[PDB]
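One structure below.
Residue numbers (the working numbering): 4 to 70.
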């Protein structure tokens, strides 16, 4: 997937085919999420916070979050 990218240490990053996207919020960090084996961990097209962290599966899904 293509994910939004932010690392405080064009603002996107190409992640491997099996990866998801994450965001951490002010925005702190965004990039590739690599966990596998838990389909409930990351949502699909929405980055949903259930700090404010979420991971999601579709291109640029990590640009914003919902609660």
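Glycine included, each C-beta is placed from N, C-alpha and C at the ideal position.
Can you give me the start and stop residues for the beta strand (DSSP E) that residue 43 sits inside? No beta strand (DSSP E) contains residue 43, which DSSP labels as neither H nor E.
Under 7 Å, do residue 58 and residue 45 count as touching if we go by C-beta distance? For the 7 Å CB-CB criterion, residue 58 and residue 45 form a contact.
Opening and closing residue of the beta strand (DSSP E) in which residue 56 lies: Per DSSP, residue 56 belongs to the beta strand (DSSP E) from 56–59.
Check residue 6 in the structure and name its three-state DSSP category. For residue 6, the secondary structure class from DSSP, reduced to helix, strand or coil, is strand.
Alpha-carbon spacing of residue 60 relative to residue 12, whole angstroms: Spanning the two alpha carbons is a distance of roughly 25 Å.
Locate the beta strand (DSSP E) running through residue 26, then write down its first and last residues. Per DSSP, residue 26 belongs to the beta strand (DSSP E) from 23–27.
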